[PDB]
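Step one of this worksheet: look at the structure below.
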Amino acid sequence: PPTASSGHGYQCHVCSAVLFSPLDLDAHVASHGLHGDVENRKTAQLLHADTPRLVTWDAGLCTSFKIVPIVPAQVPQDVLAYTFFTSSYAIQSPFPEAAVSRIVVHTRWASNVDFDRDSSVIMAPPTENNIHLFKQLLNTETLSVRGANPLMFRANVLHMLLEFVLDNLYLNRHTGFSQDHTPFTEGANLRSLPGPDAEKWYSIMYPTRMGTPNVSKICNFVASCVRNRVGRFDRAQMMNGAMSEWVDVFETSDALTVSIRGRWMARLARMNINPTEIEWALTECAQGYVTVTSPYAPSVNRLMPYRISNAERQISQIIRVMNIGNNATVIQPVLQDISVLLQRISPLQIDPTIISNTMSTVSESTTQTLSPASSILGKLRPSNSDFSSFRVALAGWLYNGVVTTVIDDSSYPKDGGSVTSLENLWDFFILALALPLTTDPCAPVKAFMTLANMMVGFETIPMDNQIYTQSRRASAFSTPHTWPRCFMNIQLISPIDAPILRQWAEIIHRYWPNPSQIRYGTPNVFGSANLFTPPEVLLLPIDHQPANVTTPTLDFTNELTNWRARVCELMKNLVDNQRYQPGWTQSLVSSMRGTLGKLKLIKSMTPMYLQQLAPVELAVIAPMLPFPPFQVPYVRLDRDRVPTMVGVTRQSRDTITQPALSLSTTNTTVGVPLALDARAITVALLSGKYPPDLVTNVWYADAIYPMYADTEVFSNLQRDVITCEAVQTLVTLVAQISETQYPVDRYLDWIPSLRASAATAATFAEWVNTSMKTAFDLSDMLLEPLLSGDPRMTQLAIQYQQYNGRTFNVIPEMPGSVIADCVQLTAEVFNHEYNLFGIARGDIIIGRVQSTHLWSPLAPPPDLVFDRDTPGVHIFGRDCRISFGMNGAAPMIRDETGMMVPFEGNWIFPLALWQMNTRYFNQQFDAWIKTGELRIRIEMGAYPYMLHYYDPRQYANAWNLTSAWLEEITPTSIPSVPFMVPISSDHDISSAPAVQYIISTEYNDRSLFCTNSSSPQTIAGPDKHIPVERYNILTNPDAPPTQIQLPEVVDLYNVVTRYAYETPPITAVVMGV
Amino acid sequence: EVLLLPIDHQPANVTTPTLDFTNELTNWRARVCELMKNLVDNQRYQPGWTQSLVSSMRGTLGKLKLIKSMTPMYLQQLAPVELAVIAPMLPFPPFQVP
Amino acid sequence: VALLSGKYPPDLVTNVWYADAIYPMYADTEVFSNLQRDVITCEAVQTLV
Amino acid sequence: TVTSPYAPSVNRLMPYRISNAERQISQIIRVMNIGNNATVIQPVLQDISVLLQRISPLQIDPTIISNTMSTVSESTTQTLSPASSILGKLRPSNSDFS
Amino acid sequence: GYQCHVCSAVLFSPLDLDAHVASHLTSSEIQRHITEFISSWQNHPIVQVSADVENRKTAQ
Amino acid sequence: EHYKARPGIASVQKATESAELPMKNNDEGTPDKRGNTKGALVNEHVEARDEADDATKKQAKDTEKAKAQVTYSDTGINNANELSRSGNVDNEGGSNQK
Ligand SMILES: [Zn+2]
Ligand SMILES: [Zn+2]
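Chains as they are written, first to last, in this note's numbering: chain L, 231 to 1303; chain X, 24 to 121; chain E, 240 to 288; chain G, 0 to 97; chain Z, 1155 to 1214; chain P, 38 to 135.
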């Protein structure tokens, strides 16, 4: 198009010439040197999805628990001198020298990671409050800051466990060792970890090296341990003067996160590859045009995580087609990218001068108004640029499964043509050349009914109704139900009445271009992502026979020249008859069927190019694409075998479970038509030439080299990994709270939770999505194609339906998942160790105990705990009413069994009854719990707790805590449960009356670590030594290393392996030439 | 003792599939979407469409069929018990014809 | 549009929501005055005829 | 579940028991009150509508339809497309569901 | 601003350029005959539509 | 107090006190103590049509929108026989011109 306008600018800097417009100015300057939105975000996501962060390292130790002191032990006292304690010498003890020590869960508290993942679980010691961790998720209605919904504990706990796992995904890094000079160990190598602080760490990491001066509990334990298991005991060095590849060290580390990182490492070791097969894959994707070189020497154990599986490729392909259904604005720039990427490569150059220089040869008589050659020229208009229309027509062959490139309305003869006219004949010629290059399954019948529109009144055929007659426009025949029966059963076209529609139907049924194929890529390094075709195969609507020679030149033995020859000879047959157009001069008829003969005998190289070279180009482009080819099979002229749809599923339908049974009725049809000009395709087919003396191997060996120097294609496979892992862990975590179809185990039934609806499941799935996007450093969409339906019953499948009704479906079997393996492992070990994350099991009993004994309320004696099948216990429930007393008689309450009972004895409440009557029960009950003989066991399954300590030497009442708790219990929230538990003492103390109210039911004192921690014994309090059952590798000489008792204890000290691999980029290792 | 309703009522159940074809209104929407799919499918009733819109039509009808609407579940379960709660407190108590 | 769209709140409990919705509407009941009004209406119809 | 406590007394009188005959005759009189007058029927129906709106758990937003229909800004670039057609026909930016 | 190739008329918007080129095959005598035929049958009252009532008040 | 009402006790009581309102008294067409009807001297069909239009305008004004969705007039159904009570007639059957 013209562009220049009246501008405001002048003064070229050379030649001193001032002129009209800046758009003429800059061309004048250049001659001196020459002659001397959801849719846009989906589009950007497909064009370049965000690559994730797999390799993240952890220098420093690998734990997830810590040992925190609570109350300090008395270092000055009057029963034992200050010279006994090792605090008097500043000896750095491996454990907090305090009075009561408890272990809490800070996520690792010690790391030196290079890439932090913003995901952590930090817990205060239980004297402080830990309720925001359990009201974090979906308490958008809770008024009080201290309160949290008890009917929504399990979703909080599952999000915390997923949060904990998504933090603990690192690789343990080998740092550097130093041989000991001190006589504490027997010359064992220590581990040096980086950081500004290192003074505490050589006593925190290695508890089995310290002096053992006295009979303190720490010294008893350390001298009971076994000496030789210190630091490194194994290394695997493969080079002289280089870093060791992997070592094995003894240090403090819990088996939980050691096993989590071990499973993650096994996952990446499954992902691993090597540059020899990188070279092989790039070579056989190049098909010999590009050669790269890999080294041949002893390596240093490079880690490249790139190899993934066919199941993950197919699942990502299904999710991406599900993403791009029914838009076409996410589709157009992909085909623009393929068109310009093909323009950078393709050897031919479309020159419009060939058709004009051969149509200037015609011999007409000029005493005539009608000019057929000038009609050709003014109709085709060769002189325009931009045959990206032809390149997009060539690019749609890759992506027919969602794209149907059809011929535009505007290249049709305007509501029926006549064969007596001329421009309608050239309309038919343009269409008869351009229609074989489209992926429309109705292109043959559109060509035939274009001819049947162009002849009306001359020949008649029997159509099948009176809606789609012979005068109906050919563009409206875009559905295989609308095909004429007279087209297939050809005898209904009688060869006497209609002999030209007879024989043109014979041209279509015989000489239309046959589909064929070609192979591309490899499935070895990167898997094959296509699913309705066999792996590594590419389908083409025209035949492909490979070229023999590499200096190409003309011959006429290909299907497109056969097709053009048949079209031109039938147009000669059409201009032959004097019956169909009597008004023509006999000179002009023969002379300008000579034009049709010469146009049949034109020289052009586009047909040989489409036969021989462009399939090789599509085969070498197609592995290097962000959107892999998605194909349904090409059928030439078969009403039985055309595809009518293609559809993806994202949720199950009903109680039915199996996806092959739930798939045929629950889908979303995808696909969109595209419009193309037939004129540009026709002139690009009629005109095309090579550079004048070319050699193809040199041409392609130059052209294909930078797009294989690019290495973007390897990064999409990690995104495919995390997409498949995310959808699997989504359905695994939703299956815990909702009754779904997949077989899972569940360990968290004892935690009470909500009767979950679809909105609850959708919200919980949104939080899981946000957590996995915050980890791994992603920002584009993930699981958003699957949050549009119900997250409860989900499935991933696809099918296309052939015209007869025979459906072909693909259900990819979901592969394994290290992330859900670690989440289920964390759930099971939480089921056995619930106390460390703040949860207590069982229930509580509210009742007055006034004694001087020092038993801990987290471990009560069994004489004080009653249950359901205990004599003299009333069980309350549905029928609960309260009648007032009158004239001194005691008021009473309704039993579940319809009985009346006074305010005395042992009762059992569900928590929901107390919540639904939380204030009316207070005025009736609280006067009797404090001073009377009433005792309530509120059953509630799970609860967070706080701990308040007291001196056992003084008086201590608990009503100011328990009354505040009972008053703060709300229908929608409860606060934490406060316990009042004494302080362990060293020496003999006195006894004071303590009055406790809230006691636990079963054992919840697992979080205790040690009592008095420096004293030779513990007198008059709760007693616990250093847990020997944790430190198994030290205290048991018979137990070998790598012996984890993981599902019941975490052991806090074991062997851990440490790696010193390197992850170089692919271009830094293998390179071309 | 009765209140005549123009639809079916079931006992109240928070957890049930939002895609559930036992439900009357969900079944009705599903069958109307399926008949309009059968109407569009063959392109017999629509000449003059110069483009094959049938793929996009069946896609958007499938999208309208498979939706997370909780209104049919609500009218099936919780709206009738809400009407039964609201009904005998009205100033103009109800007057129904079968 | 109201049939095709509509969701529950993501932490719904029927017992809590319905007790809290049914309590103040029964606190403003007035049916007893309606019963007395129906008494006087029927007595006035019979004495009218 | 309600409860109503009371002390035992005989002289307490709260007159509130009618029979179905009176309860039906007054209903017939209230139906004869209407008499094809549309202002008699309007505020009862609208106020019951608002009361159901304030009690009802179901909140409604058409952003579900707007998120399922991904096609936006098509009506002036191409003449026809069905997702944009049904989006502009349902008009999800209205929020009067009376 | 864009311009036409016949008669070199410069315009501003591309749709107006398309309208100008569309305002711009057969021999010159035949275009003269076609234009004279269409100008003859242009405003004849056989093509025109959507007229008005007359307020007759005659022709009883 | 610690509990926040989730449907909102002020909102529910604000709605139910508007639902609590009794029926409008339609005395039109009934005699007074003197012996005259209490109407507007216009016939019954036009009174019914005018009255339905007034109630449609009231329904439009009640919500904050200007144009009403739910209407009582020009509903697409023929109701040319409907006539609501006015004071053009008397109890005898004659007219009430004087
Ligand atoms: Zn210059
Ligand atoms: Zn011009």
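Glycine is no exception: its CB is placed at the ideal position from the N, C-alpha and C atoms.
1) Do L:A933 and L:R715 count as a contact pair if the criterion is CB distance below 8 Å?
2) Taking 8 Å as the threshold (beta carbon to beta carbon), is E:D277 in contact with chain G?
3) When you get a sec, list the residues whose CB is within less than 6 Å of any heavy atom of ligand 1, chain order please.
4) L:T293: which of L:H262, L:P302 and L:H336 sits nearest, CA to CA?
5) With DSSP collapsed to three states, give me the class of L:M1002.
6) Hey, would you say residue 206 of chain L sits closer than 8 Å to L:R883, going by beta carbons?
7) So that I know if they touch, is there some Cβ in chain E lying closer than 8 Å to that of L:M718?
8) Step through the CB atoms of chain G and report whether any lies within less than 8 Å of the CB of X:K86.
9) Can you pull the chain X neighbours of G:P81, defined as C-beta to C-beta under 8 Å?
10) Hey, is P:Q50's beta-carbon within less than 8 Å of any beta-carbon in chain E?
11) Quick one: does L:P1201 have its CB under 8 Å from some CB of chain P?
12) Got a sec? Which residues, its chain only, sit under 8 Å from X:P117 by beta carbon, not counting five neighbours each side?
13) Please return the same chain residues whose Cβ sits closer than 8 Å to the Cβ of L:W1189, not counting the five positions on each side in sequence.
14) Quick one: which unbroken beta strand (DSSP E) runs of 3-plus residues sit fully inside the region 852-900 of chain L? Chain order, please.
15) Listed in chain order, which residues of the region 358-375 of chain L have Cβ atoms closer than 8 Å to some Cβ of chain P?
16) What residues in the region 49-82 of chain P bring their beta carbon closer than 7 Å to a beta carbon of chain C?
17) Does any CB atom of chain X fall closer than 8 Å to the CB of E:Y262?
18) If you measure between the beta carbons of L:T1024 and L:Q881, is that distance less than 8 Å?
19) Buried or exposed for residue 206 of chain L, please, with buried defined as at least 16 other CB atoms from any protein chain shown within 10 angstroms of its CB.
20) Can you find a CB in chain L that lies within less than 8 Å of the CB of X:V37?
21) Along chain L, in chain order, which residues have C-beta atoms closer than 9 Å to that of E:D267?
22) Could you tell me which of L:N1284, L:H1255, L:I1256 and L:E1278 sits nearest to L:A1269, measuring between CA atoms?
23) How about E:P248: is its C-beta nearer than 8 Å to some C-beta of chain G?
24) Work out the CA separation of X:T73 and L:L655 for me, nearest whole Å.
25) So, under 8 Å CB-CB, G:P4 and L:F1114 are touching, yes? Tell me the CB distance rounded to an integer number of Å.
26) With three or more C-beta pairs closer than 8 Å as the rule, is the region 782-795 of chain L touching the region 861-879 of chain L?
27) One question on the structure: do L:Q366 and L:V850 come within less than 8 Å of each other, judged by their Cβ atoms?
28) Quick one: any contact between the region 595-609 of chain L and the region 634-642 of chain L, if contact means 3 or more CB pairs under 8 Å?
29) Of all the options L:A247, L:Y319, L:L255 and L:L391, which has the alpha carbon lying nearest to the alpha carbon of L:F1067?
30) Any C-beta of chain L sitting closer than 8 Å to the C-beta of P:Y40?
31) Output the distance between the C-alpha atoms of L:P1090 and L:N359, rounded to the nearest integer angstrom.
32) When DSSP labels each residue in this structure, what does L:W476 get in the three-state scheme?
33) Given a cut-off of 8 Å on the beta-carbon distance, is the pair E:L287 and X:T94 in contact?
34) Given L:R1260, which residues of its chain have a CB within under 8 Å of its CB, disregarding the five upstream and five downstream residues?
35) Which residues bound the alpha helix (DSSP H) around Z:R1186?
36) Contact between the region 369-389 of chain L and the region 1043-1052 of chain L: three or more CB pairs below 8 Å?
Let me lay it out:
1) no
2) yes
3) That gives L:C242, L:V244, L:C245, L:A247, L:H258, L:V259 and L:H262.
4) L:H336
5) helix
6) Nothing in the structure corresponds to residue 206 of chain L, since chain L is present only between 231 and 1303.
7) No, because no Cβ of chain E sits closer than 8 Å to the Cβ of L:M718.
8) Under the 8 Å criterion on CB atoms, X:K86 is classed as interfacial with respect to chain G.
9) Chain X residues near G:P81: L76, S79, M80 and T83.
10) At least one C-beta of chain E is nearer than 8 Å to the C-beta of P:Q50.
11) L:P1201 belongs to the set of residues whose beta carbon lies under 8 Å from a beta carbon in chain P.
12) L26 and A110
13) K1160, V1225 and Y1227
14) 877-879
15) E371, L373 and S374
16) This model lacks chain C altogether; the protein chains it does include are L, X, E, G, Z and P.
17) So no, E:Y262 is outside the interface.
18) yes
19) Within the shown structure, residues of chain L are numbered from 231 to 1303, placing residue 206 of chain L beyond reach of any answer.
20) yes
21) Here the premise fails: no neighbours, minimum Cβ distance about 21 Å.
22) L:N1284
23) yes
24) 21 Å
25) 5 Å
26) no
27) no
28) no
29) L:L391
30) yes
31) Annotation: L:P1090 to L:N359 spans about 23 Å, alpha carbon to alpha carbon.
32) strand
33) no
34) Cβ neighbours of L:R1260 beyond the five flanking positions: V1279, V1280, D1281, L1282 and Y1283.
35) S1182 to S1194
36) no
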